[PDB]
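4 protein chains.
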Amino acid sequence: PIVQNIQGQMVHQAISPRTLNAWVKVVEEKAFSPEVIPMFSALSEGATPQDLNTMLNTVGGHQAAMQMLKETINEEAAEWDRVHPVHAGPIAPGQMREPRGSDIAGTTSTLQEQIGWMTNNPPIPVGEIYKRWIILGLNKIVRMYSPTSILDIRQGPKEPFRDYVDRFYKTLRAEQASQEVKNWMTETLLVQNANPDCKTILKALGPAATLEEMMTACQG
Amino acid sequence: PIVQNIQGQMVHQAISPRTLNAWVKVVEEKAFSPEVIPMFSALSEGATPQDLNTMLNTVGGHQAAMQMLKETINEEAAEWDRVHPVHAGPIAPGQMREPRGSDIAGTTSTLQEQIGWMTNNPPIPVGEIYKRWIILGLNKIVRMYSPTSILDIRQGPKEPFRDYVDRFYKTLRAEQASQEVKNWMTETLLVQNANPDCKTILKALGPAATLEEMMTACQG
Amino acid sequence: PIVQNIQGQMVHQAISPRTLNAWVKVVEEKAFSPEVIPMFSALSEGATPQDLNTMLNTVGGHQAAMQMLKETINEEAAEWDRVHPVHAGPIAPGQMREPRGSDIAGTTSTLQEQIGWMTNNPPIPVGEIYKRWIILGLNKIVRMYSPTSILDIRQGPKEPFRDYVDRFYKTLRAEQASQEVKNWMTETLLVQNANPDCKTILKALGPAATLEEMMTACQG
Amino acid sequence: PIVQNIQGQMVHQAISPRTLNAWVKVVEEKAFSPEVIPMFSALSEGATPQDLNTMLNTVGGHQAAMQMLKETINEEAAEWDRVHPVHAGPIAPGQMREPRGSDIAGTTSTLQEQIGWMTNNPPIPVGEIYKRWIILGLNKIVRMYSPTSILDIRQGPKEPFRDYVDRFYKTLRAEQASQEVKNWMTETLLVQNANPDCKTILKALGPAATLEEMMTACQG
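Residue numbers (PDB author numbering), protein chains in the order written: chain D, 1 to 220; chain C, 1 to 220; chain E, 1 to 220; chain H, 1 to 220.
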């Protein structure tokens, strides 16, 4: 990453082996859960595109997901290059050139250009865009990985309310719909799909249903 | 989390993967118990709101408890915004704009603004406020995860007094209704639910009896 | 490996035992997978040739592969000597001599000479050159360790498309070819060798369909 | 209503007996189907609040729905009066006073004041606001008359796709959800709730599914 020295320049620092070891361990042990995206965004903070490419290449197995992620990165780079013209010709000294999409991806550049783009005035953050693209790809992957849909969740007769709401909120975290649709479904289908007894309990609870009130009502 | 240097000043530092791993392990292995709040308060001392949002989003499973915590944080942020309205217009050069209720959580503010808020003159403790909110949410969560009520405790004819008092104090620390009510309960409900033989052995010592003699009476 | 030391003066820091243990463990646990190349390139960032020699000697087993690696390093050194001839004569007092192939391979070059060649201005990229050589050797080794040819990858009658595409892309990544050859192969070989039941499904989608469309088509 | 005379001043005109008879007939004949709101907005065009109150009072029966509509009008008037201050004191000639909520409701005003507020420069759409309130009330009413919910629609084994989608779109028109959430519903649940045969048919059809191609595929 790029560690900021205390009262000094933001010196570049190679990714420690601990970061990559934790990353390969989590991607091996936990497969592709919704939370891995937060842990990936946590481990890689202020990292150059070279660091992110190293973190992605170290992943072993699940090569279909890696190919989908690379295809998503390619689509985002194509869109960026289409909606942003690239200048050429002689460039004034002390000012880096226009970052290209294939260049903002880090596939057609070295570490020096990335460090220069992340140190210019005003700063042009390549890391926060390449990480955004990787997060979009990982979101597509975790959506693809979800085994069951959100509309097809039904509580079992003996399965309690806690396990049902756990599965429901997990699938909701895996869902791809917009945030307003997410609020709509978590407002309606939660009580609209419960078991009939606690369904009538929550109907007696009426409007303004709040999760803690629901779980305190369905007790026993 | 910020860390002091040799000269005495503090600056942002990337969150250690060991802290995240330990937190995820203690959350999953111990699930929810009264001894998760001290561990959380010790793990994230001086952590920025981004680090706390990381430590909360990283908790896979038990999504209902995390949603309860999110709702509690939302209510606390709304109350903070109601009690402290923010001023409009241009801000003074020597002062940074005060955070709103939602920005205390760090949901709509970058990390540099959090660092500036925490190391300002005078410093603004956004991290401590959000930690207090998260601790209150975790208290409500461990309240919900309480298996049984305090009144239903009745020692079995064969269940030893040690296991009875262990279960009693476990669900009592998990109750947290108050502190003086706890002091009255440990006098009345502890003596009221003993097995008849050891019950009258405890009654032989009167209400002035302490816990040590209380247990060594039924001991052996 | 040398590292930027406060302030701005690179000094030699010997290789840490934990890095060597991590390398030995990754070579023991993962054998010779395609991903090791990135793990090796990330474990030895900016390493002197002596450190890379240490990391190649600390390997246990696979002596045949290490012999191919050493022979390819020798071949690369011979080609470097044939392309970059070294003139004999007394050296300048302030500037270092141009290294030979044996000086790059760390065989006859003392640690002080390598530290000089690295920290001098302008720097001599001996570390990156030796890393390129070792990476070429590791590519040779991982392309040799391929159990079956990419042309032999065929799906079983009931083997799900998931494992089929996973194994196919793994063998394709282990295989060696230009990128355009891979672009042609992923379009000519992937759909043909699939199971007929899902082969009809992939054919119904279209020839130029992406991976995610086919994967969600034969999903389940 | 207020018919605009040809190349002349707009003249007030009493509501036509034909209009009122058509209104009471459609109410009596079709109860409260989702099209009564468009037909009401069609019949009542440019009408004063007196005309709208007459058109509402001529309705016979469904007194619960009428009381709910009056309560909705009262709530809208209360909100208007709360978010709009009312001026008092001497008023300049040729300029009408501030219209209160009870006046825009037509319960405390007269036809002269309504025509004055509808002829002022700039005009104040008292009729267009009272009609908006009546449409909100009629929407609440038609939502209350909805026999079944939208999430609980399932196609019968023999009931054809045409009848299924007819019922589905009728319930969707009756639904109260926002238009942004309304789209996702008709995109997903339509194909997610059909019979298995045409469900697999539309799944083979894949994305970009439109109603025309869906119905041409589910033929026979």
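Just so you know, even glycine gets a beta-carbon here, dropped at the ideal spot from N, CA and C.
Bounds of any beta strand (DSSP E) do not take in H:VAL142; it lies within the alpha helix (DSSP H) bounded by 126 to 144.
Residues of the stretch 156 to 189 of chain H that bring their beta carbon within less than 8 Å of a beta carbon in chain D comprise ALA177, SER178, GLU180, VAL181, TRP184, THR188, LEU189, in sequence order. The stretch 86 to 101 of chain E makes no contact with the stretch 19 to 37 of chain E: fewer than 3 CB pairs, one atom from each, lie closer than 8 Å. Of the other Cβ atoms in all chains shown, 16 or more fall within 10 Å of the Cβ of E:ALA42; this residue is therefore buried. Identification of residues in the stretch 4 to 20 of chain D having a C-beta nearer than 8 Å to some C-beta of chain C yields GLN4, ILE6, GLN7, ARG18, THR19, given in sequence order.
In the three-state DSSP reduction, D:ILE150 falls in the coil class, being neither helix nor strand. If you draw a straight line from the Cα of D:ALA77 to the Cα of D:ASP103, it comes to about 9 Å. In the DSSP annotation of this structure, the continuous segment of the alpha helix (DSSP H) that includes D:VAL26 starts and ends at 17 to 29. The criterion of a C-beta distance shorter than 8 Å is not satisfied by C:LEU56 and C:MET68.
DSSP, reduced to helix, strand and coil, places E:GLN112 within a helical segment of the structure shown.
Against E:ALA204, the close residues of chain H are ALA204, in the order they occur along the chain (beta-carbon pairs closer than 8 Å). Judged by DSSP in its simplified three-state form, D:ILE104 adopts helix. For H:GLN4, the uninterrupted beta strand (DSSP E) run begins and ends at 2 to 4, by DSSP. Excluding residues up to 5 positions away in sequence, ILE2, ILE115 lie with their Cβ nearer than 7 Å to the Cβ of D:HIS12 in the same chain.
DSSP places D:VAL165 within a helical segment (H, G or I) once states are collapsed to three. The bridge partners DSSP lists for E:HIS12 are E:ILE2.
Within chain E, not a single residue places a beta-carbon under 9 Å from that of D:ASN139; the smallest gap is close to 12 Å. Shortest Cα-Cα distance from C:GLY137 to any of C:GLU71, C:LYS170, C:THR188 involves C:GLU71. Interface with chain H (8 Å Cβ-Cβ cutoff): D:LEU151 is included. Taken atom to atom, the span from the alpha-carbon of D:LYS25 to that of D:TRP117 is near 31 Å. Between C:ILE134 and C:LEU52 a beta carbon distance of about 6 Å is seen, short of the 8 Å cut, so the two are scored as contacting. Residues of the same chain with a CB within less than 7 Å of the CB of H:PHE168, apart from the 5 flanking positions on each side, are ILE153, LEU190 in chain order. Inclusion of C:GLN219 and C:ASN193 in the CB contact set at 8 Å is not warranted, their separation being larger than that value.
In the DSSP assignment, D:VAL36 falls within the unbroken alpha helix (DSSP H) covering 36 to 43.
Residue burial annotation: E:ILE6 is exposed, with fewer than 16 other C-beta atoms found within 10 angstroms of its C-beta.
Among the residues of the stretch 43 to 65 of chain D, those with a Cβ less than 8 Å away from any Cβ of chain E are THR54, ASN57, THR58, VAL59, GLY60, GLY61, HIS62, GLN63, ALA64, in the order of the chain. Annotation for D:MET66: the continuous alpha helix (DSSP H) segment containing it runs 63 to 82. If you look at H:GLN176, you'll find it isn't in any alpha helix (DSSP H); DSSP assigns it neither H nor E. In the structure shown, D:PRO93 adopts coil according to DSSP, grouped into three states. Between D:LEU111 and D:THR48, the gap from beta carbon to beta carbon is short of 8 Å. Look at D:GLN192: its C-beta is under 8 Å from a C-beta on chain H. At a cut-off of 8 Å between beta-carbon atoms, E:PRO38 makes contact with chain D.
Contact annotation, E:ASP166 with D:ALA64: C-beta distance approximately 6 Å; criterion of less than 8 Å satisfied. Under the three-state reduction of DSSP output, E:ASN53 falls in the helix class. At least 8 Å separates the CB of E:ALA88 from every CB of chain D. Only residues of its own chain outside the window of five on either side were considered, and among them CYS198, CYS218 have a CB closer than 6 Å to the CB of E:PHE161, listed in chain order.
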